[PDB]
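Participant: Encoded as structure tokens, here's the structure I'll be asking about.
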Amino acid sequence: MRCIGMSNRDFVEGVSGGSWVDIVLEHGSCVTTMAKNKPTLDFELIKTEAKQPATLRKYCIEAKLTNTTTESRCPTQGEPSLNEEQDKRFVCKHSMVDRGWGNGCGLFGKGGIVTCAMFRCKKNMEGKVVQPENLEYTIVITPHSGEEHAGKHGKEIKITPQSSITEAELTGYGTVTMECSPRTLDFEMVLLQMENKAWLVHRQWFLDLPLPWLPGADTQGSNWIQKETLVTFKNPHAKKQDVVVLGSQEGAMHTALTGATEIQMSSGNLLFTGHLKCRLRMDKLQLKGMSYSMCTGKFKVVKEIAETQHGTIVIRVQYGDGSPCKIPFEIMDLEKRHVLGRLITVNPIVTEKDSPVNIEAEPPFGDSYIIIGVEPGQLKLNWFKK
């Protein structure tokens, strides 16, 4: 039903036997395939996500400062130093400040001063690089049977442009074999993540951001590069100097990303709307239910016959005199002389007594008789397709 209710639906059929059939899969669309003596199948590409893409750079957007320490020397005695100036967790600056008798020096003149503060990142963002490969497309292959629910999921399969040809098993019908190509999606770009919300941004812009950062392959999260971007050193004084850190930049960032394509995501994974080209073979598929009896009984059209968006109809029917059986469906002319139209639901069958068995069929254009059932009450339903 899902595919029948979709506006974007392609009908594909193989012009050969045992041959490959090509189909194009898109998000929000579905493809229905058919073949002589083979079940009709529905294909849909539902998910396209990058799994664990390489982290390029972590940017700190909010930090705190602690243990600020100052050291300074008198004019003439060289550049002062602090050992924490060797500790990668600190931000430091070297400057010159006036000195003299008033603050412990013999000479009046400029002296060397140095100040360091431990830098602690409190909130960061990270940009990742999505490789075309390692992208994972989820495709659902549903048997077009018409059976009911309200336990019958189509087979779900996940593939990668690097995975080999897939052999998907469809309970009851065999297996279907298919291969796909991510046939034209770009990735010199980058995906920025600001706390579970992501964006697609151009490179060299991400790399130019004036914020403290760390090479992607880090785990310490301490040795930030260019911390001065979030730190300001006030003018020094003879023996002390103040250091203040800018406020969070989450906001400056947000109202800075407006415009760039926003990217959905979940469970840490990024999601995209992919495009696939696939080829499938049905030589290993077969009809579920062949070798049954031809229902010899009655059906009551459950409700109003429905018209789909694809020149087809969906007739609900429920047995009646018999085994879980094949159904006699047949669309003929007003005279019941020749067969017209065709079934999209193939080898339609009943599993239970009082089990609405939906059936999608394609009536020819104009007038036709929809003959459901056999000789007690073969169900002649008139139909006009405009």
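Just so we're on the same page: first chain in the structure tokens is A, next is B, and so on; residues restart at 1 for each chain, and ligands are numbered from 1 in the order they show up.
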For range 28-122 of chain A against range 154-160 of chain A, with a cut-off of 12 Å and counting only C-alpha atoms, what is the closest atom pair and its distance in Å to one decimal for every residue that makes the cut, ordered by chain and number, as CSV?
Facilitator:
residue,atom,partner,partner_atom,distance
A:41,CA,A:154,CA,9.4
A:42,CA,A:154,CA,8.6
A:43,CA,A:154,CA,9.1
A:44,CA,A:156,CA,9.7
A:45,CA,A:156,CA,9.8
A:46,CA,A:156,CA,9.6
A:47,CA,A:158,CA,9.0
A:48,CA,A:158,CA,9.4
A:49,CA,A:160,CA,10.2
A:50,CA,A:160,CA,10.0
A:51,CA,A:160,CA,10.5
Participant: How would the residues just picked look written out with C-alpha atoms as a CSV table (one decimal), in the first residue's frame?
Facilitator:
chain,number,residue,atom,x,y,z
A,41,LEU,CA,8.1,-6.0,-5.9
A,42,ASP,CA,8.2,-2.5,-4.4
A,43,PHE,CA,11.5,-0.7,-3.9
A,44,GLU,CA,12.1,2.4,-1.8
A,45,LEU,CA,15.3,4.2,-0.7
A,46,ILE,CA,14.4,5.3,2.9
A,47,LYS,CA,17.7,6.3,4.5
A,48,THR,CA,21.1,7.7,3.4
A,49,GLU,CA,23.5,8.3,6.3
A,50,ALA,CA,27.2,8.7,6.8
A,51,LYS,CA,28.6,6.4,9.6
Participant: Taking 3 positions as the minimum chain separation for residues in the same chain, which residues sit within 9 Å of range 161-177 of chain A when counting only C-alpha atoms? Answer as a list in words.
Facilitator: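 Once the nearby chain positions are removed, what remains is residues 38, 39, 132, 133, 134, 135, 136, 137, 141, 142, 143, 154, 155, 156, 157, 180, 181, 182, 279, 280, 281, 282, 283, 284, 285, 286, 287, 288 and 289 of chain A.
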Participant: Please save N, CA and C atoms of the selected residues as a compact mmCIF listing (two decimals), in the first residue's frame.
Facilitator:
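Result file again.txt:
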# COMPACT_ATOMS: atom_id res chain seq x y z
N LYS A 38 6.64 -14.02 -11.94
CA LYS A 38 7.48 -13.56 -10.84
C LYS A 38 6.63 -12.62 -10.01
N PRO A 39 6.88 -12.55 -8.70
CA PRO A 39 6.03 -11.62 -7.94
C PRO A 39 6.43 -10.20 -8.26
N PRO A 132 32.33 9.85 0.10
CA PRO A 132 31.27 9.24 -0.71
C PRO A 132 31.11 7.77 -0.34
N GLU A 133 32.24 7.10 -0.16
CA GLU A 133 32.21 5.70 0.24
C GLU A 133 31.82 5.74 1.71
N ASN A 134 31.63 4.59 2.33
CA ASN A 134 31.25 4.58 3.74
C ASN A 134 29.89 5.26 3.98
N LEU A 135 29.23 5.67 2.90
CA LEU A 135 27.89 6.24 3.04
C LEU A 135 27.04 4.98 3.03
N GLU A 136 25.95 4.97 3.79
CA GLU A 136 25.14 3.77 3.84
C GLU A 136 23.68 4.01 3.49
N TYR A 137 23.24 3.40 2.38
CA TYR A 137 21.87 3.56 1.93
C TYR A 137 20.98 2.41 2.41
N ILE A 141 12.58 -3.60 0.32
CA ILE A 141 12.06 -4.36 -0.80
C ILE A 141 10.81 -5.03 -0.26
N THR A 142 9.65 -4.54 -0.70
CA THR A 142 8.36 -5.08 -0.24
C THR A 142 7.63 -5.87 -1.31
N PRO A 143 7.17 -7.08 -0.97
CA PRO A 143 6.43 -7.92 -1.92
C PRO A 143 5.05 -7.29 -2.15
N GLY A 154 8.55 -5.43 4.46
CA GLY A 154 9.51 -5.70 3.40
C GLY A 154 10.93 -5.85 3.93
N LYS A 155 11.72 -6.66 3.24
CA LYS A 155 13.11 -6.88 3.62
C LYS A 155 13.85 -5.54 3.60
N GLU A 156 14.61 -5.28 4.64
CA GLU A 156 15.37 -4.05 4.71
C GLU A 156 16.82 -4.47 4.49
N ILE A 157 17.54 -3.75 3.64
CA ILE A 157 18.94 -4.06 3.38
C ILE A 157 19.75 -2.77 3.34
N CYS A 180 23.97 -1.60 -6.45
CA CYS A 180 23.71 -0.18 -6.63
C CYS A 180 24.94 0.70 -6.73
N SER A 181 24.74 1.87 -7.32
CA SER A 181 25.81 2.85 -7.47
C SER A 181 25.25 4.19 -7.02
N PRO A 182 26.01 4.93 -6.21
CA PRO A 182 25.61 6.24 -5.70
C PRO A 182 25.55 7.26 -6.81
N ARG A 279 20.61 -2.27 -10.34
CA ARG A 279 20.25 -3.28 -11.32
C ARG A 279 19.90 -4.52 -10.51
N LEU A 280 18.80 -5.16 -10.87
CA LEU A 280 18.40 -6.34 -10.12
C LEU A 280 18.04 -7.49 -11.03
N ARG A 281 18.16 -8.71 -10.50
CA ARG A 281 17.88 -9.93 -11.24
C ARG A 281 16.87 -10.72 -10.41
N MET A 282 15.88 -11.30 -11.08
CA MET A 282 14.81 -12.05 -10.41
C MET A 282 14.81 -13.56 -10.68
N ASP A 283 15.86 -14.07 -11.30
CA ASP A 283 15.92 -15.49 -11.60
C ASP A 283 15.77 -16.38 -10.38
N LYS A 284 16.00 -15.85 -9.18
CA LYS A 284 15.85 -16.66 -7.97
C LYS A 284 14.55 -16.39 -7.19
N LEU A 285 13.66 -15.63 -7.80
CA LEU A 285 12.37 -15.32 -7.19
C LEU A 285 11.31 -16.22 -7.81
N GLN A 286 10.27 -16.52 -7.05
CA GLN A 286 9.20 -17.32 -7.60
C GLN A 286 7.93 -16.96 -6.85
N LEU A 287 6.79 -17.27 -7.44
CA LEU A 287 5.50 -16.95 -6.84
C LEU A 287 5.22 -17.76 -5.58
N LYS A 288 4.78 -17.07 -4.53
CA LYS A 288 4.45 -17.71 -3.26
C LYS A 288 3.03 -18.25 -3.33
N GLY A 289 2.88 -19.57 -3.31
CA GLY A 289 1.54 -20.12 -3.36
C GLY A 289 1.17 -20.94 -4.57
Participant: Produce a table with one row for each residue of range 198-310 of chain A that has an atom at most 12 Å from any atom of range 347-364 of chain A, each row naming the nearest atom pair and its distance in Å at one decimal; use only C-alpha atoms; arrange rows by chain and rising residue number; format as CSV.
Facilitator:
residue,atom,partner,partner_atom,distance
A:286,CA,A:347,CA,10.8
A:287,CA,A:347,CA,7.2
A:288,CA,A:347,CA,7.9
A:289,CA,A:347,CA,7.5
A:290,CA,A:347,CA,7.7
A:291,CA,A:347,CA,10.7
A:292,CA,A:349,CA,9.4
A:293,CA,A:349,CA,10.0
A:294,CA,A:349,CA,9.3
A:295,CA,A:350,CA,8.5
A:296,CA,A:350,CA,11.8
A:297,CA,A:353,CA,11.3
A:298,CA,A:353,CA,10.7
A:299,CA,A:354,CA,9.5
A:300,CA,A:356,CA,9.5
A:301,CA,A:356,CA,8.7
A:302,CA,A:356,CA,6.7
A:303,CA,A:356,CA,9.7
A:304,CA,A:358,CA,11.6
A:305,CA,A:358,CA,9.9
A:306,CA,A:360,CA,9.3
A:307,CA,A:360,CA,9.5
A:308,CA,A:360,CA,8.9
A:309,CA,A:362,CA,11.5
A:310,CA,A:362,CA,8.7
Participant: I want to know what sits within 10 Å of range 366-372 of chain A, based on only C-alpha atoms, with residues of the same chain fewer than 2 positions away left out; could you give that as a PyMOL selection string?
Facilitator: chain A and resi 298-301+315+317+327-336+339-341+361+363-364+374+377-386
Participant: When DSSP is applied to the backbone of this structure, which of range 274-337 of chain A are assigned strand (DSSP E)? Write them out as a list in words.
Facilitator: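 Matching residues for strand (DSSP E) in range 274-337 of chain A are residues 275, 276, 277, 278, 279, 280, 281, 306, 307, 313, 314, 315, 316, 317, 331 and 332 of chain A.
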Participant: When distances are computed from only C-alpha atoms, which of A:1, A:243, A:185, A:313 shows the smallest separation from residue 152 in chain A?
Facilitator: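 The answer is A:1, which sits nearest to residue 152 in chain A.
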Participant: List the neighbours of residue 184 in chain A out to 10 Å using only C-alpha atoms; skip same-chain residues closer than 2 positions along the sequence, and give me the result as a CSV table (one decimal) with N, CA, C and O atoms, in the first residue's frame.
Facilitator:
chain,number,residue,atom,x,y,z
A,181,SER,N,24.7,1.9,-7.3
A,181,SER,CA,25.8,2.8,-7.5
A,181,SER,C,25.2,4.2,-7.0
A,181,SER,O,24.1,4.6,-7.4
A,182,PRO,N,26.0,4.9,-6.2
A,182,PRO,CA,25.6,6.2,-5.7
A,182,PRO,C,25.6,7.3,-6.8
A,182,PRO,O,25.6,8.5,-6.6
A,186,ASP,N,28.1,16.0,-3.3
A,186,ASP,CA,29.5,16.4,-3.2
A,186,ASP,C,30.1,16.4,-1.8
A,186,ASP,O,29.3,16.6,-0.8
A,274,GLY,N,19.9,10.8,-0.5
A,274,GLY,CA,20.7,10.1,-1.6
A,274,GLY,C,20.0,9.8,-2.9
A,274,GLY,O,18.8,10.0,-3.0
A,275,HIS,N,20.8,9.4,-3.9
A,275,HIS,CA,20.3,9.1,-5.2
A,275,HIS,C,21.0,7.8,-5.6
A,275,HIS,O,22.2,7.8,-5.7
A,276,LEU,N,20.2,6.8,-6.0
A,276,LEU,CA,20.8,5.5,-6.4
A,276,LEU,C,20.3,5.0,-7.7
A,276,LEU,O,19.2,5.3,-8.2
A,277,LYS,N,21.2,4.3,-8.4
A,277,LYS,CA,20.9,3.6,-9.6
A,277,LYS,C,21.2,2.1,-9.3
A,277,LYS,O,22.3,1.8,-8.8
